[PDB]
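For reference, the structure is listed below as structure tokens.
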Amino acid sequence: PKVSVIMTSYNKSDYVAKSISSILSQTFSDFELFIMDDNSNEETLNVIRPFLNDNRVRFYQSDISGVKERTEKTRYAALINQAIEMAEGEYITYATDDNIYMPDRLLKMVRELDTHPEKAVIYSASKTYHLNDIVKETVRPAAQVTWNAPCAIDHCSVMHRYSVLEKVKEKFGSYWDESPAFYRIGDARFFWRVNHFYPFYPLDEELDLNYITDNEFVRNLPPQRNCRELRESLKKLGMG
Ligand SMILES: Cc1cn([C@H]2C[C@H](O)[C@@H](COP(=O)(O)OP(=O)(O)O)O2)c(=O)[nH]c1=O
Ligand SMILES: [Mg+2]
Ligand SMILES: [Mg+2]
Ligand SMILES: [Mn+2]
């Protein structure tokens, strides 16, 4: 397939169907969809189950269980890294169980990369609906080429050439960073790695959607490193 969509899933029974469905109904149909479930509850598994009937879905379920295992690594990064190793697509993109793809997302992103061989990483604008019907709408723009993606661009707004992954692994030893110190902003940390070698090219269109309302787990992670740290290191890096 031209595109490998890598989605992660953990206990979002009320939302995961809409997420999956938004991918399976894309106008661009030449993709494989990895559903990397991190050993979710019964309710979640049962919502996902019918979608496994779609011949494009490649479902993998971990055996992870308990606070030690959930806090040993940034789980989604480990899952994403696993999927990357199995991916057959020329282009790679990410999805989650709480994010919705707009119908022409894959089509528009694939066209951008097909058309511009010089661009390796692209990103679109993203929209979040704050609920309570809608009380607030937040848009994350995609107006400029950027060498400083961390915390400015979301997990779910990017597509890149597979070849990007080689470079990243060559320097850092892995693709996404599994260190649990980057649990809250794992996307930013992976974008930080990519930004050592590639700028992110914009698609001034809103192509993904989030809905939001306007623990022994938290207490067992290491101190969390933050955005500022990443942005300053890239500014010092001085690639742009
Ligand atoms: C907590 C956890 C999340 N995940 C997945 C669920 C989501 O697809 C992804 C991000 O988690 P999420 O809870 O959405 O974090 P955020 O606070 O950024 O919204 O990680 C796992 O795979 N394993 C886990 O143990
Ligand atoms: Mg061009
Ligand atoms: Mg996030
Ligand atoms: Mn989320």
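By order in the structure tokens, chains are A, B, ...; within a chain, residues start at 1; ligands start at 1, following the order shown.
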**Message:** What does the list of residues within 10 Å of ligand 2 look like if you count only C-alpha atoms and all ligand atoms, written as a ChimeraX atom specification?
**Reply:** /A:112-119
Take the selection from the previous step and output its residues with N, CA, C and O atoms, as a PDB file, in the first residue's frame.
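Below is the file that was written, part-v1.pdb:
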```
ATOM      1  N   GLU A 112       0.289  15.897  -1.988  1.00  0.00           N
ATOM      2  CA  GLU A 112       1.322  16.864  -1.681  1.00  0.00           C
ATOM      3  C   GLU A 112       2.712  16.252  -1.813  1.00  0.00           C
ATOM      4  O   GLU A 112       3.586  16.821  -2.493  1.00  0.00           O
ATOM      5  N   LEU A 113       2.904  15.077  -1.225  1.00  0.00           N
ATOM      6  CA  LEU A 113       4.177  14.379  -1.289  1.00  0.00           C
ATOM      7  C   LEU A 113       4.465  13.825  -2.676  1.00  0.00           C
ATOM      8  O   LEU A 113       5.622  13.756  -3.090  1.00  0.00           O
ATOM      9  N   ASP A 114       3.433  13.395  -3.384  1.00  0.00           N
ATOM     10  CA  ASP A 114       3.652  12.877  -4.727  1.00  0.00           C
ATOM     11  C   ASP A 114       4.105  14.001  -5.644  1.00  0.00           C
ATOM     12  O   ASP A 114       4.887  13.804  -6.581  1.00  0.00           O
ATOM     13  N   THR A 115       3.587  15.183  -5.384  1.00  0.00           N
ATOM     14  CA  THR A 115       3.818  16.299  -6.261  1.00  0.00           C
ATOM     15  C   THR A 115       5.144  16.973  -6.017  1.00  0.00           C
ATOM     16  O   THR A 115       5.744  17.512  -6.958  1.00  0.00           O
ATOM     17  N   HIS A 116       5.596  16.947  -4.756  1.00  0.00           N
ATOM     18  CA  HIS A 116       6.804  17.660  -4.330  1.00  0.00           C
ATOM     19  C   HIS A 116       7.866  16.741  -3.736  1.00  0.00           C
ATOM     20  O   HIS A 116       7.915  16.555  -2.523  1.00  0.00           O
ATOM     21  N   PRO A 117       8.724  16.178  -4.588  1.00  0.00           N
ATOM     22  CA  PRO A 117       9.771  15.248  -4.156  1.00  0.00           C
ATOM     23  C   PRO A 117      10.730  15.837  -3.146  1.00  0.00           C
ATOM     24  O   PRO A 117      11.356  15.086  -2.384  1.00  0.00           O
ATOM     25  N   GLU A 118      10.836  17.161  -3.148  1.00  0.00           N
ATOM     26  CA  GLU A 118      11.726  17.842  -2.245  1.00  0.00           C
ATOM     27  C   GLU A 118      11.159  17.948  -0.820  1.00  0.00           C
ATOM     28  O   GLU A 118      11.906  18.186   0.095  1.00  0.00           O
ATOM     29  N   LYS A 119       9.855  17.762  -0.629  1.00  0.00           N
ATOM     30  CA  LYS A 119       9.281  17.788   0.723  1.00  0.00           C
ATOM     31  C   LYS A 119       9.297  16.361   1.305  1.00  0.00           C
ATOM     32  O   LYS A 119       8.914  15.411   0.627  1.00  0.00           O
TER      33      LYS A 119
END
```
**Message:** Neighbouring residues of residue 200 of chain A were defined as those with any atom within 6 Å, considering only C-alpha atoms; residues of the same chain fewer than 4 positions away were excluded. Please report them as a PyMOL selection string.
**Reply:** chain A and resi 121-122+145-146
**Request:** Could the residues that lie within 8 Å of ligand 3, counting only C-alpha atoms and all ligand atoms, be listed as a VMD selection string?
**Result:** chain A and resid 154 to 155 184 to 187
Selected residues, C-alpha atoms, written as an mmCIF file, in the first residue's frame, please.
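Resulting contents of again01.cif:
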```
data_model
loop_
_atom_site.group_PDB
_atom_site.id
_atom_site.type_symbol
_atom_site.label_atom_id
_atom_site.label_comp_id
_atom_site.auth_asym_id
_atom_site.auth_seq_id
_atom_site.Cartn_x
_atom_site.Cartn_y
_atom_site.Cartn_z
ATOM 1 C CA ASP A 154 0.154 17.516 16.756
ATOM 2 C CA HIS A 155 0.734 13.779 16.613
ATOM 3 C CA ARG A 184 3.131 13.707 27.960
ATOM 4 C CA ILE A 185 4.662 15.036 24.705
ATOM 5 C CA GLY A 186 5.938 11.957 22.879
ATOM 6 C CA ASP A 187 4.883 13.349 19.514
#
```
**Request:** Taking the chain letters and numbering used in this document, name the residues of segment 118-181 of chain A that DSSP puts in helix (DSSP H, G or I), as a PyMOL selection string.
**Result:** chain A and resi 155-157+162-172+180-181
**Message:** I need the residue nearest residue 107 of chain A from this list: A:30, A:43, A:69, A:229. Use only C-alpha atoms for the distance.
**Reply:**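 Using only C-alpha atoms, residue 107 of chain A sits closest to A:30.
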